[PDB]
């Protein structure tokens, strides 16, 4: 069957203390990555999230898992990027997660060779202008 790719590290351009990026790859669907609660700035969005593998890897699809209760931070419009070496990034696709309360699967047209994936989150649901949050982010090869 399908094989889950191991995320070894990541970064977030915005995070609330204790809700940094690595909380969205701890295998726990209740723990959250969550952007900073100070979401008033005009340049608060976009919020840029990066997930790293140990080495360049074949990847066929991903699944974004939003928080399964509460509405703050469910992804809306995003740009998905990836990098073969972890340094230079390439646009994959624009993906609108629609502020959905359930998981969003993105299936790539062809297998990608990526050491890193990157999400430019343009918008997300929630109070005020919104937030960005994620219970778990997953990557798979077929």
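Residue numbers count along the first chain shown, from 1.
Mean CA temperature factor is higher for 85 to 93 when stretches 27 to 35 and 85 to 93 are set side by side in the entry. Comparing 46 to 54 with 105 to 113, the higher mean C-alpha B-factor in the PDB entry belongs to 105 to 113.
In the deposited entry, the Cα temperature factor of residue 98 sits in the middle third of values across the chain's modelled residues. The deposited CA B-factor of residue 7 belongs to the middle third of values across its chain. Residue 65 sits in the middle third of its chain by CA B factor, as recorded in the PDB entry. Split the chain's modelled residues into thirds by C-alpha temperature factor. Residue 20 is in the highest one.
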